[PDB]
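Okay, here we've got a single chain as structure tokens, the form deposited in one PDB entry, with questions on binding and movement later.
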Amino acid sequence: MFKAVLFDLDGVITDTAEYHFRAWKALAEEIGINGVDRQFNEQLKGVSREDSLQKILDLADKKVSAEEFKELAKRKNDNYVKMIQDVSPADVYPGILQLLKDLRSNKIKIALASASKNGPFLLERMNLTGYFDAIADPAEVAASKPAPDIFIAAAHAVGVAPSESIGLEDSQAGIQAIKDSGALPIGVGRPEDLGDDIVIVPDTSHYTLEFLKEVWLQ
């Protein structure tokens, strides 16, 4: 049986992928880049703050100074952090709280494997911190998603091999990171976005311990 579940945060635990999208789009448009639409944003889900800004600048083949790059990333983060102040337990996605409870009852470790430096704050907003055995700090890894490092780190932090773990993700970059870690990915979203080569569920209510078992048994 699997011994850990490695949770992405944004778009898996709660709807904060939507807020990242809205904040990046606002930022892009301030600098005259209009290509950050929902389709493009699939390339930003699960990607670090700095890598995200760089992808936006590349979309338009735009160079900015190092000083401006720093200011832009800070501006978007400040906006995003204001947006999320009112996140509460009511914003936890369906099925997620009950999954955490069921995992703990079955002695399955729970680790966060988010690309976001805002992860700990969000878990606190949602009263979820006590469910997590570890949080892999995305600032500690040498390589961010789609590199597997964050998922490997999350597994190691709870004393479990990646190959005995399930990873839950909503993003192209994160699915690739899970694959390359050795963990088993179960995506949430559209196969049109995430691929037809892993198990994908349409919404998080499908993330039950019963289903994770159904999938692991195969």
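Numbering starts at 1 and follows the sequence shown.
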task: Look over 137 to 145 and 107 to 115 in the entry and identify the one with the greater average Cα temperature factor.
output: 137 to 145
message: Please compare 16 to 24 with 197 to 205 and name the stretch with the higher mean C-alpha B-factor in the deposited structure.
response: 197 to 205
- request: Determine which member of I166, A60, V188, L44 has the highest CA B-factor, using the values in the deposited entry.
  value: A60
task: Within this chain's modelled residues, let me know which third the CA B factor of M1 belongs to: lowest, middle or highest.
output: highest
query: By the record's CA B-factor, is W216 among the lowest, middle or highest third of residues in the chain?
result: highest
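A second form of this protein, the form deposited in another entry, is not displayed here; the remarks below concern that form.
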field: Hinge pick from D15, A143, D197, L59, given that two rigid parts rotate relative to each other between the shown form and the other one
entry: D15
